[PDB]
file protein.pdb (PDB, C-alpha atoms)
ATOM      1  CA  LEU C   1      26.883 -16.067   9.608  1.00  0.00           C
ATOM      2  CA  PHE C   2      25.441 -19.520   9.996  1.00  0.00           C
ATOM      3  CA  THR C   3      22.368 -18.993   7.898  1.00  0.00           C
ATOM      4  CA  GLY C   4      23.067 -21.681   5.273  1.00  0.00           C
ATOM      5  CA  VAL C   5      25.406 -24.681   4.958  1.00  0.00           C
ATOM      6  CA  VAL C   6      28.919 -23.536   5.878  1.00  0.00           C
ATOM      7  CA  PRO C   7      32.254 -25.055   4.854  1.00  0.00           C
ATOM      8  CA  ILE C   8      34.089 -26.854   7.714  1.00  0.00           C
ATOM      9  CA  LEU C   9      37.783 -27.700   8.097  1.00  0.00           C
ATOM     10  CA  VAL C  10      39.144 -29.789  10.991  1.00  0.00           C
ATOM     11  CA  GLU C  11      42.909 -29.892  11.864  1.00  0.00           C
ATOM     12  CA  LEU C  12      44.150 -32.287  14.608  1.00  0.00           C
ATOM     13  CA  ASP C  13      47.734 -32.588  16.007  1.00  0.00           C
ATOM     14  CA  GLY C  14      47.826 -35.638  18.319  1.00  0.00           C
ATOM     15  CA  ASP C  15      50.167 -37.471  20.707  1.00  0.00           C
ATOM     16  CA  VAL C  16      48.685 -40.347  22.836  1.00  0.00           C
ATOM     17  CA  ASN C  17      51.291 -42.266  24.948  1.00  0.00           C
ATOM     18  CA  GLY C  18      53.862 -40.648  22.656  1.00  0.00           C
ATOM     19  CA  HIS C  19      52.149 -42.229  19.612  1.00  0.00           C
ATOM     20  CA  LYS C  20      51.903 -39.228  17.313  1.00  0.00           C
ATOM     21  CA  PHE C  21      49.223 -38.708  14.675  1.00  0.00           C
ATOM     22  CA  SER C  22      47.593 -36.053  12.533  1.00  0.00           C
ATOM     23  CA  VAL C  23      44.023 -35.959  11.410  1.00  0.00           C
ATOM     24  CA  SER C  24      42.433 -33.760   8.784  1.00  0.00           C
ATOM     25  CA  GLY C  25      38.765 -33.333   8.211  1.00  0.00           C
ATOM     26  CA  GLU C  26      36.427 -31.461   5.903  1.00  0.00           C
ATOM     27  CA  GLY C  27      32.742 -31.189   5.329  1.00  0.00           C
ATOM     28  CA  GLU C  28      29.719 -29.097   5.979  1.00  0.00           C
ATOM     29  CA  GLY C  29      27.481 -27.983   8.799  1.00  0.00           C
ATOM     30  CA  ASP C  30      23.919 -26.613   8.632  1.00  0.00           C
ATOM     31  CA  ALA C  31      23.014 -24.794  11.845  1.00  0.00           C
ATOM     32  CA  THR C  32      19.272 -24.282  11.328  1.00  0.00           C
ATOM     33  CA  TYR C  33      18.776 -27.950  10.664  1.00  0.00           C
ATOM     34  CA  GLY C  34      21.317 -28.870  13.374  1.00  0.00           C
ATOM     35  CA  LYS C  35      23.379 -31.098  11.086  1.00  0.00           C
ATOM     36  CA  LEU C  36      27.032 -31.882  10.302  1.00  0.00           C
ATOM     37  CA  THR C  37      28.482 -34.265   7.738  1.00  0.00           C
ATOM     38  CA  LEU C  38      32.203 -34.717   7.791  1.00  0.00           C
ATOM     39  CA  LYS C  39      34.927 -37.067   6.725  1.00  0.00           C
ATOM     40  CA  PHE C  40      38.202 -37.565   8.596  1.00  0.00           C
ATOM     41  CA  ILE C  41      41.479 -39.073   7.478  1.00  0.00           C
ATOM     42  CA  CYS C  42      44.515 -40.120   9.492  1.00  0.00           C
ATOM     43  CA  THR C  43      47.426 -38.603   7.463  1.00  0.00           C
ATOM     44  CA  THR C  44      50.318 -40.170   9.373  1.00  0.00           C
ATOM     45  CA  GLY C  45      49.389 -43.806   9.005  1.00  0.00           C
ATOM     46  CA  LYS C  46      47.234 -46.112  11.151  1.00  0.00           C
ATOM     47  CA  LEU C  47      45.343 -44.260  13.884  1.00  0.00           C
ATOM     48  CA  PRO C  48      46.703 -45.379  17.331  1.00  0.00           C
ATOM     49  CA  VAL C  49      43.295 -45.015  19.147  1.00  0.00           C
ATOM     50  CA  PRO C  50      39.704 -45.941  18.328  1.00  0.00           C
ATOM     51  CA  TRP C  51      37.900 -43.424  16.093  1.00  0.00           C
ATOM     52  CA  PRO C  52      34.971 -43.065  18.537  1.00  0.00           C
ATOM     53  CA  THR C  53      37.308 -41.723  21.262  1.00  0.00           C
ATOM     54  CA  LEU C  54      38.006 -38.732  19.036  1.00  0.00           C
ATOM     55  CA  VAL C  55      34.450 -37.719  17.980  1.00  0.00           C
ATOM     56  CA  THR C  56      34.049 -35.108  20.775  1.00  0.00           C
ATOM     57  CA  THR C  57      37.353 -33.536  19.924  1.00  0.00           C
ATOM     58  CA  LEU C  58      37.014 -33.251  16.147  1.00  0.00           C
ATOM     59  CA  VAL C  59      32.132 -27.321  16.564  1.00  0.00           C
ATOM     60  CA  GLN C  60      28.993 -26.805  18.634  1.00  0.00           C
ATOM     61  CA  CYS C  61      28.237 -23.499  16.867  1.00  0.00           C
ATOM     62  CA  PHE C  62      26.425 -25.810  14.383  1.00  0.00           C
ATOM     63  CA  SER C  63      23.872 -26.732  17.011  1.00  0.00           C
ATOM     64  CA  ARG C  64      20.253 -25.891  16.350  1.00  0.00           C
ATOM     65  CA  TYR C  65      18.872 -23.473  18.939  1.00  0.00           C
ATOM     66  CA  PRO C  66      15.096 -23.237  18.599  1.00  0.00           C
ATOM     67  CA  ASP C  67      13.850 -19.722  17.906  1.00  0.00           C
ATOM     68  CA  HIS C  68      12.708 -19.286  21.492  1.00  0.00           C
ATOM     69  CA  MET C  69      16.364 -19.899  22.530  1.00  0.00           C
ATOM     70  CA  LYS C  70      18.397 -17.559  20.307  1.00  0.00           C
ATOM     71  CA  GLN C  71      19.351 -15.556  23.412  1.00  0.00           C
ATOM     72  CA  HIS C  72      21.288 -18.533  24.889  1.00  0.00           C
ATOM     73  CA  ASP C  73      23.653 -19.340  22.006  1.00  0.00           C
ATOM     74  CA  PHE C  74      27.190 -18.699  23.128  1.00  0.00           C
ATOM     75  CA  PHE C  75      28.961 -20.622  20.354  1.00  0.00           C
ATOM     76  CA  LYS C  76      27.535 -18.513  17.561  1.00  0.00           C
ATOM     77  CA  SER C  77      27.623 -15.128  19.384  1.00  0.00           C
ATOM     78  CA  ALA C  78      31.371 -15.511  19.827  1.00  0.00           C
ATOM     79  CA  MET C  79      31.811 -15.738  16.071  1.00  0.00           C
ATOM     80  CA  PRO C  80      33.744 -14.805  13.855  1.00  0.00           C
ATOM     81  CA  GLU C  81      36.474 -13.855  16.392  1.00  0.00           C
ATOM     82  CA  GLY C  82      35.708 -17.363  17.646  1.00  0.00           C
ATOM     83  CA  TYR C  83      36.451 -19.211  20.829  1.00  0.00           C
ATOM     84  CA  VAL C  84      38.976 -21.462  22.528  1.00  0.00           C
ATOM     85  CA  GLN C  85      37.611 -24.890  23.499  1.00  0.00           C
ATOM     86  CA  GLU C  86      39.502 -26.676  26.303  1.00  0.00           C
ATOM     87  CA  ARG C  87      38.889 -30.133  27.697  1.00  0.00           C
ATOM     88  CA  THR C  88      40.049 -32.813  29.993  1.00  0.00           C
ATOM     89  CA  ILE C  89      38.657 -36.217  29.123  1.00  0.00           C
ATOM     90  CA  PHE C  90      38.929 -39.055  31.630  1.00  0.00           C
ATOM     91  CA  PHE C  91      38.544 -42.638  30.558  1.00  0.00           C
ATOM     92  CA  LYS C  92      37.223 -44.664  33.490  1.00  0.00           C
ATOM     93  CA  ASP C  93      40.268 -46.497  34.767  1.00  0.00           C
ATOM     94  CA  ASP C  94      42.518 -45.772  31.806  1.00  0.00           C
ATOM     95  CA  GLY C  95      44.208 -42.702  30.393  1.00  0.00           C
ATOM     96  CA  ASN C  96      43.064 -39.165  29.879  1.00  0.00           C
ATOM     97  CA  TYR C  97      43.214 -36.537  27.005  1.00  0.00           C
ATOM     98  CA  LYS C  98      43.767 -32.792  27.375  1.00  0.00           C
ATOM     99  CA  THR C  99      42.774 -30.783  24.376  1.00  0.00           C
ATOM    100  CA  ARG C 100      43.085 -27.176  23.277  1.00  0.00           C
ATOM    101  CA  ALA C 101      41.193 -25.992  20.243  1.00  0.00           C
ATOM    102  CA  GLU C 102      40.437 -22.750  18.432  1.00  0.00           C
ATOM    103  CA  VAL C 103      37.173 -22.692  16.473  1.00  0.00           C
ATOM    104  CA  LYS C 104      37.014 -19.611  14.295  1.00  0.00           C
ATOM    105  CA  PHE C 105      36.172 -18.167  10.872  1.00  0.00           C
ATOM    106  CA  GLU C 106      39.027 -18.061   8.403  1.00  0.00           C
ATOM    107  CA  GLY C 107      37.461 -16.137   5.621  1.00  0.00           C
ATOM    108  CA  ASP C 108      34.387 -18.091   4.551  1.00  0.00           C
ATOM    109  CA  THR C 109      35.310 -21.359   6.243  1.00  0.00           C
ATOM    110  CA  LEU C 110      34.767 -22.346   9.874  1.00  0.00           C
ATOM    111  CA  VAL C 111      37.979 -23.882  11.121  1.00  0.00           C
ATOM    112  CA  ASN C 112      38.539 -26.082  14.249  1.00  0.00           C
ATOM    113  CA  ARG C 113      42.297 -26.437  14.906  1.00  0.00           C
ATOM    114  CA  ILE C 114      43.133 -28.856  17.734  1.00  0.00           C
ATOM    115  CA  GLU C 115      46.079 -29.976  19.906  1.00  0.00           C
ATOM    116  CA  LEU C 116      45.539 -33.336  21.683  1.00  0.00           C
ATOM    117  CA  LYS C 117      47.618 -35.009  24.363  1.00  0.00           C
ATOM    118  CA  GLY C 118      46.829 -38.342  26.014  1.00  0.00           C
ATOM    119  CA  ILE C 119      48.881 -40.080  28.723  1.00  0.00           C
ATOM    120  CA  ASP C 120      48.600 -43.227  30.882  1.00  0.00           C
ATOM    121  CA  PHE C 121      46.785 -45.655  28.676  1.00  0.00           C
ATOM    122  CA  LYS C 122      47.247 -49.392  29.262  1.00  0.00           C
ATOM    123  CA  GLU C 123      48.961 -50.566  26.061  1.00  0.00           C
ATOM    124  CA  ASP C 124      46.171 -53.176  26.204  1.00  0.00           C
ATOM    125  CA  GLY C 125      43.259 -51.085  27.457  1.00  0.00           C
ATOM    126  CA  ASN C 126      40.014 -50.501  25.619  1.00  0.00           C
ATOM    127  CA  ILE C 127      41.590 -47.516  23.953  1.00  0.00           C
ATOM    128  CA  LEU C 128      45.138 -48.547  22.934  1.00  0.00           C
ATOM    129  CA  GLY C 129      43.897 -52.112  22.416  1.00  0.00           C
ATOM    130  CA  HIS C 130      41.032 -51.012  20.106  1.00  0.00           C
ATOM    131  CA  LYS C 131      38.240 -52.762  21.915  1.00  0.00           C
ATOM    132  CA  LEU C 132      35.676 -50.092  21.221  1.00  0.00           C
ATOM    133  CA  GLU C 133      32.696 -50.729  18.952  1.00  0.00           C
ATOM    134  CA  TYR C 134      32.785 -48.569  15.806  1.00  0.00           C
ATOM    135  CA  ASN C 135      29.528 -46.787  16.744  1.00  0.00           C
ATOM    136  CA  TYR C 136      28.145 -44.077  19.067  1.00  0.00           C
ATOM    137  CA  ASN C 137      25.270 -43.279  21.404  1.00  0.00           C
ATOM    138  CA  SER C 138      23.217 -40.133  22.147  1.00  0.00           C
ATOM    139  CA  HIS C 139      24.175 -37.840  24.979  1.00  0.00           C
ATOM    140  CA  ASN C 140      23.039 -34.599  26.576  1.00  0.00           C
ATOM    141  CA  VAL C 141      25.769 -31.952  26.771  1.00  0.00           C
ATOM    142  CA  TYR C 142      25.167 -29.656  29.770  1.00  0.00           C
ATOM    143  CA  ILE C 143      25.808 -25.971  29.613  1.00  0.00           C
ATOM    144  CA  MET C 144      26.247 -23.423  32.414  1.00  0.00           C
ATOM    145  CA  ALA C 145      27.170 -19.809  32.045  1.00  0.00           C
ATOM    146  CA  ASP C 146      30.475 -19.053  33.753  1.00  0.00           C
ATOM    147  CA  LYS C 147      30.371 -15.381  34.481  1.00  0.00           C
ATOM    148  CA  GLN C 148      33.749 -15.289  36.250  1.00  0.00           C
ATOM    149  CA  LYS C 149      35.267 -16.452  32.955  1.00  0.00           C
ATOM    150  CA  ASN C 150      33.082 -14.480  30.542  1.00  0.00           C
ATOM    151  CA  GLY C 151      32.455 -17.915  29.086  1.00  0.00           C
ATOM    152  CA  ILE C 152      30.600 -21.156  29.558  1.00  0.00           C
ATOM    153  CA  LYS C 153      31.168 -24.401  31.393  1.00  0.00           C
ATOM    154  CA  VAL C 154      30.246 -27.719  29.810  1.00  0.00           C
ATOM    155  CA  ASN C 155      29.922 -31.221  31.270  1.00  0.00           C
ATOM    156  CA  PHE C 156      28.936 -34.666  30.046  1.00  0.00           C
ATOM    157  CA  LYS C 157      29.766 -38.368  30.075  1.00  0.00           C
ATOM    158  CA  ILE C 158      30.163 -40.506  26.926  1.00  0.00           C
ATOM    159  CA  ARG C 159      29.286 -44.210  26.869  1.00  0.00           C
ATOM    160  CA  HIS C 160      31.608 -46.035  24.499  1.00  0.00           C
ATOM    161  CA  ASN C 161      30.424 -49.577  23.827  1.00  0.00           C
ATOM    162  CA  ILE C 162      33.018 -52.316  24.159  1.00  0.00           C
ATOM    163  CA  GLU C 163      33.054 -55.467  21.981  1.00  0.00           C
ATOM    164  CA  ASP C 164      32.243 -57.689  25.057  1.00  0.00           C
ATOM    165  CA  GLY C 165      29.027 -55.780  25.693  1.00  0.00           C
ATOM    166  CA  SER C 166      30.198 -53.584  28.567  1.00  0.00           C
ATOM    167  CA  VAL C 167      30.622 -49.787  28.480  1.00  0.00           C
ATOM    168  CA  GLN C 168      33.710 -47.562  28.666  1.00  0.00           C
ATOM    169  CA  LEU C 169      32.896 -44.198  30.132  1.00  0.00           C
ATOM    170  CA  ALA C 170      34.775 -41.028  29.319  1.00  0.00           C
ATOM    171  CA  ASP C 171      33.969 -38.164  31.695  1.00  0.00           C
ATOM    172  CA  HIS C 172      34.322 -34.817  29.891  1.00  0.00           C
ATOM    173  CA  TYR C 173      35.298 -31.470  31.412  1.00  0.00           C
ATOM    174  CA  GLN C 174      34.929 -28.463  29.195  1.00  0.00           C
ATOM    175  CA  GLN C 175      35.196 -24.667  29.127  1.00  0.00           C
ATOM    176  CA  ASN C 176      34.629 -22.158  26.367  1.00  0.00           C
ATOM    177  CA  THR C 177      35.879 -18.586  26.131  1.00  0.00           C
ATOM    178  CA  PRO C 178      35.575 -15.882  23.452  1.00  0.00           C
ATOM    179  CA  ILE C 179      38.714 -14.885  21.506  1.00  0.00           C
ATOM    180  CA  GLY C 180      37.451 -11.377  20.689  1.00  0.00           C
ATOM    181  CA  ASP C 181      36.434  -8.511  22.974  1.00  0.00           C
ATOM    182  CA  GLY C 182      32.902  -7.946  21.774  1.00  0.00           C
ATOM    183  CA  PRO C 183      30.024  -8.917  24.146  1.00  0.00           C
ATOM    184  CA  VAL C 184      28.868 -12.554  23.824  1.00  0.00           C
ATOM    185  CA  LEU C 185      25.771 -14.205  25.175  1.00  0.00           C
ATOM    186  CA  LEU C 186      26.040 -15.956  28.504  1.00  0.00           C
ATOM    187  CA  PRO C 187      23.181 -18.514  28.622  1.00  0.00           C
ATOM    188  CA  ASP C 188      20.914 -20.071  31.205  1.00  0.00           C
ATOM    189  CA  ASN C 189      21.473 -23.698  32.102  1.00  0.00           C
ATOM    190  CA  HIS C 190      20.336 -25.923  29.221  1.00  0.00           C
ATOM    191  CA  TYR C 191      21.629 -28.840  27.210  1.00  0.00           C
ATOM    192  CA  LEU C 192      22.352 -30.042  23.708  1.00  0.00           C
ATOM    193  CA  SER C 193      20.897 -33.369  22.643  1.00  0.00           C
ATOM    194  CA  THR C 194      23.669 -34.891  20.461  1.00  0.00           C
ATOM    195  CA  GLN C 195      23.422 -37.809  18.057  1.00  0.00           C
ATOM    196  CA  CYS C 196      26.335 -39.449  16.153  1.00  0.00           C
ATOM    197  CA  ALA C 197      26.516 -41.940  13.317  1.00  0.00           C
ATOM    198  CA  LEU C 198      29.823 -43.325  12.033  1.00  0.00           C
ATOM    199  CA  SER C 199      30.416 -45.026   8.698  1.00  0.00           C
ATOM    200  CA  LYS C 200      33.107 -46.007   6.272  1.00  0.00           C
ATOM    201  CA  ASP C 201      33.656 -45.048   2.644  1.00  0.00           C
ATOM    202  CA  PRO C 202      34.374 -48.507   1.037  1.00  0.00           C
ATOM    203  CA  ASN C 203      36.566 -46.721  -1.584  1.00  0.00           C
ATOM    204  CA  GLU C 204      38.811 -45.072   0.985  1.00  0.00           C
ATOM    205  CA  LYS C 205      42.141 -46.776   1.664  1.00  0.00           C
ATOM    206  CA  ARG C 206      43.597 -44.380   4.287  1.00  0.00           C
ATOM    207  CA  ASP C 207      42.526 -44.715   7.994  1.00  0.00           C
ATOM    208  CA  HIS C 208      39.287 -42.762   8.117  1.00  0.00           C
ATOM    209  CA  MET C 209      35.949 -41.850   9.599  1.00  0.00           C
ATOM    210  CA  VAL C 210      32.716 -40.674   7.961  1.00  0.00           C
ATOM    211  CA  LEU C 211      30.670 -38.755  10.516  1.00  0.00           C
ATOM    212  CA  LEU C 212      27.170 -37.311  10.323  1.00  0.00           C
ATOM    213  CA  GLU C 213      25.763 -35.594  13.462  1.00  0.00           C
ATOM    214  CA  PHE C 214      22.437 -34.232  14.760  1.00  0.00           C
ATOM    215  CA  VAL C 215      22.381 -31.600  17.532  1.00  0.00           C
ATOM    216  CA  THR C 216      19.541 -29.549  18.991  1.00  0.00           C
ATOM    217  CA  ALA C 217      19.731 -27.198  22.016  1.00  0.00           C
ATOM    218  CA  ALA C 218      17.130 -28.051  24.712  1.00  0.00           C
ATOM    219  CA  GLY C 219      16.036 -27.637  28.347  1.00  0.00           C
ATOM    220  CA  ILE C 220      14.730 -24.057  28.126  1.00  0.00           C
TER
END
call {"tool": "encode", "arguments": {"input": "protein.pdb", "output": "C-alpha cells"}}
result
Amino acid sequence: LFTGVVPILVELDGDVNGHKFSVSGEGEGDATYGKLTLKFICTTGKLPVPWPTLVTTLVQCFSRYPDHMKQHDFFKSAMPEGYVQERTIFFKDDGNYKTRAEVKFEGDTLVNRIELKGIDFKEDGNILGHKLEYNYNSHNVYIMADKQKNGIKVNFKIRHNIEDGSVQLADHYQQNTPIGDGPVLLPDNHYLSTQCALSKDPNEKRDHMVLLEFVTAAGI
C-alpha cells in the first residue's frame, strides 16, 4: 500500500488557551525512501503558537524500515483500517497539549485528522510569546510493543531552540492502537531516527509551513 509516493492530507482542529485555529496540509510521502514533503496553512488567520511546536502533531507509517525490519512495522500493518494516535505533550515549565488523531486510508489518500487542545501557557512563554527558532533538530523516537493494548507505546523528547540560545524541551507521551480487527505487528524495542527541515514559500501570504522530513527505523 505504501510502495510508491502516496498522497497525504492533514486536517488539524486546534484550541490552545482558548485561541482556536485550523490547519490544513497536503503533500506526499515515500515510505521506501523514508521521506515526506508537505505544506501547511493556517486557515483561520495568524497561528497562535510557533510552527515548530506543531511538527510532531501534523504519519509515521511513512518511515523507512530496512528490509531486515519489516516484521516490526506497526504503523503500516495497521493500514488501511488505520490507527488512533494519542499524545500528551509537556512543555518544560509551560503548558501542555493533548492530541487525538486518526491516520487512515480514505480511498487512495492517507489522511491524518487531528484534534488538539493546549492549556496553561504563559501568555508570554516561549510558546504563546513566539520565542522559538523557526527550525528543528533530529531526535530518536522510541518504540515499545504494548501487548496489553494490542498496540505500541512511544516516547521521546524534542529540543526546541529558543532565540536566546537556550532550549525548550517538550516531553512526548504517545500510544498507538489499530482501528480494525485484523492482526497487526507488535514490534521489538527499536527507534526511528527523525530529521526535520522547515522553510517558507516566499509567494505564500497565509500563515504557513513548508516541511520536508527524513525518517528511518533503527536499533534492530
call {"tool": "residues_around", "arguments": {"input": "protein.pdb", "residues": "region 69-82 of chain C", "least_positions_apart": "3", "cutoff": "7 Å", "atoms": "only C-alpha atoms", "output": "compact mmCIF listing (two decimals) with C-alpha atoms, in the frame of the given file"}}
result
# COMPACT_ATOMS: atom_id res chain seq x y z
CA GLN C 60 28.99 -26.80 18.63
CA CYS C 61 28.24 -23.50 16.87
CA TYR C 65 18.87 -23.47 18.94
CA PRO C 66 15.10 -23.24 18.60
CA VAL C 103 37.17 -22.69 16.47
CA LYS C 104 37.01 -19.61 14.30
CA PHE C 105 36.17 -18.17 10.87
CA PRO C 178 35.58 -15.88 23.45
CA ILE C 179 38.71 -14.88 21.51
CA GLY C 180 37.45 -11.38 20.69
CA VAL C 184 28.87 -12.55 23.82
CA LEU C 185 25.77 -14.20 25.18
CA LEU C 186 26.04 -15.96 28.50
CA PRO C 187 23.18 -18.51 28.62
CA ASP C 188 20.91 -20.07 31.20
call {"tool": "atom_distance", "arguments": {"input": "protein.pdb", "atom1": "CA of residue 55 (chain C)", "atom2": "CA of residue 192 (chain C)"}}
result
15.4 Å
call {"tool": "resolve_selection", "arguments": {"input": "protein.pdb", "expression": "the PyMOL selection byres ((chain C and resi 131-144) around 8)", "output": "VMD selection string"}}
result
chain C and resid 50 to 52 125 to 127 129 to 130 145 to 146 152 to 163 187 to 198
call {"tool": "resolve_selection", "arguments": {"input": "protein.pdb", "expression": "the PyMOL selection byres ((chain C and resi 111) around 9)", "output": "list in words"}}
result
residues 7, 8, 9, 10, 11, 59, 102, 103, 104, 105, 106, 109, 110, 112 and 113 of chain C
call {"tool": "closest_residue", "arguments": {"input": "protein.pdb", "among": "C:207, C:201, C:171, C:30", "to": "residue 92 (chain C)", "atoms": "all atoms listed in the file"}}
result
C:171
call {"tool": "closest_residue", "arguments": {"input": "protein.pdb", "among": "C:216, C:100, C:208, C:28", "to": "residue 42 (chain C)", "atoms": "all atoms listed in the file"}}
result
C:208
call {"tool": "resolve_selection", "arguments": {"input": "protein.pdb", "expression": "the PyMOL selection byres ((chain C and resi 14) around 9)", "output": "list in words"}}
result
residues 12, 13, 15, 16, 18, 19, 20, 21, 22, 23, 114, 115, 116, 117 and 118 of chain C
call {"tool": "atom_distance", "arguments": {"input": "protein.pdb", "atom1": "CA of residue 218 (chain C)", "atom2": "CA of residue 183 (chain C)"}}
result
23.1 Å
